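The form deposited in one PDB entry is given below as one chain in structure tokens.
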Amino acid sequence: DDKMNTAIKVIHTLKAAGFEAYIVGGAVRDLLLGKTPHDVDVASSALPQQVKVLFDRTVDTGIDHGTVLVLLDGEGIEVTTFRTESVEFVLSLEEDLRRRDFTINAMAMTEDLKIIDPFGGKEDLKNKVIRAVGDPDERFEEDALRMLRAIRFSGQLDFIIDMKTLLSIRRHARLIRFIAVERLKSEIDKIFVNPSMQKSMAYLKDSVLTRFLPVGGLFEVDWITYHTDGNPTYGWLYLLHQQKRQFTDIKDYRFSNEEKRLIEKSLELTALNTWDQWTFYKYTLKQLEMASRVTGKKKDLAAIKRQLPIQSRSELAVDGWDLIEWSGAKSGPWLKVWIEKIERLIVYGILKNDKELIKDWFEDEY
């Protein structure tokens, strides 16, 4: 929101102390597209320690990369010294811009809203073109993840990829093997929740990226019936469900245990023929919803789960030690078997969730 004013204030402070400073990258892009930026980056001739002299409150984590986060007027503005990439501090803005990924991200704006656009980002932004800065072969040898980022931008912005750039990706797709799988997963996640994602996936295959990406051919499913729920995990589940595959097949992308669980449990639900009270009790609403979404069902899952006699084990009126008293048997694995017998009868609404009456039933059944 208020980031632009703050960034301009930061720029003003930098220049008052004799440095050059400009808004660079995505903020210029977003502003020229009529969008209000989410992140606003400032490029400056100041070196990092010179930035910290000029502002009372800075965060120093990216300092080795030349980035200082300035904390001002409620916002955080990144201030980065002119640099290329292992970081080299250059002395001019254009040396920094020359090496950025795409023309629409290679622009700068001055304090008085003048645009510096040495590589035609203005025209590429108008024609909706993602084009590498300068020689695309270099840009992609410099950071192979840019090949995948080109695809992510195409969907995020509803742009096409410049043909010369796209052919360069095809020639260099093999280089993607060197990229940490965390950065690939992060870009794929953005694609999975971003607009025109079918064209993004078509670019992923046409670019030859699916030939070299980890288990990359698994991305080559039919994506027409896919509609994001805003959660990238649904793209991974859609992909597995389509091919009738399991989570192990994508474990290379290093999912968190939480994501892995949501996927695995959702897949189990898709394979479960009939859902009953016990299904709605044991599975989370997010798993029920994700599974029903991928199979095309549209029931009110929340209402069915709320109407169960109980919601989880902590409400059960009986625990293993109650059974130990009534049974006169020592504690053992048998308790979980019998607690679940009782739990089922309560969830199906046959047995009342009541210690006394569970005891009556248990003394009868044991």
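We number the residues from 1 along the sequence you see.
A chain break between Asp135 and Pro136 is not present, all residues of the deposited sequence in that interval being modelled. Note on 264 to 272 vs 181 to 189: mean CA B-factor is higher in 264 to 272. Once the C-alpha B-factors are averaged per stretch, 327 to 335 and 296 to 304 rank with 296 to 304 first. The entry assigns its greatest Cα B factor, within the set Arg131, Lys122, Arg174, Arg152, to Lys122.
Out of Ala108, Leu72, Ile250, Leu157, the entry records its largest CA B-factor for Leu72. The entry lists a Cα temperature factor for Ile161 that places it in the lowest third of the chain's modelled residues. Ranked by C-alpha B-factor against the other modelled residues of its chain, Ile224 falls in the highest third. Per the deposited record, the Cα B-factor of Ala46 falls in the middle third when ranked against the other modelled residues of its chain.
Per the PDB record, residue ranking by Cα B-factor puts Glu142 in the middle third of the chain. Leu32: CA B factor in the highest third of modelled residues in this chain (values from the PDB entry).
A second form of this protein, the form solved in complex with a small molecule, is not displayed here; the remarks below concern that form.
Contact annotation: the small molecule lies within 4.5 Å of heavy atoms from the stretch 20 to 28 in the deposited complex, the single such stretch among 6 to 14, 20 to 28, 353 to 361, 340 to 348.
Contact annotation for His38: at least one heavy atom lies within 4.5 Å of the small molecule in the deposited complex.
Shown alone here, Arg131 lies farther than 4.5 Å from the small molecule in the deposited complex, counting heavy atoms only. Contact between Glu111 and the small molecule in the deposited complex is not found at the 4.5 Å heavy atom cutoff. A residue is said to contact a partner when one of its heavy atoms sits within 4.5 Å of a partner heavy atom; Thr80 fails this definition for the small molecule in the deposited complex, lying far away. Although the small molecule is omitted here, in the deposited complex all of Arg100, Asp143 and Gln156 have a heavy atom within 4.5 Å of it.
Checking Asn105, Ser200, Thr210, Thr233 against the small molecule in the deposited complex, a heavy atom within 4.5 Å turns up for just one residue: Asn105. Contact with the small molecule in the deposited complex, defined as a heavy atom within 4.5 Å, holds for exactly one of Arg152, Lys265, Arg293, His172, namely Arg152.
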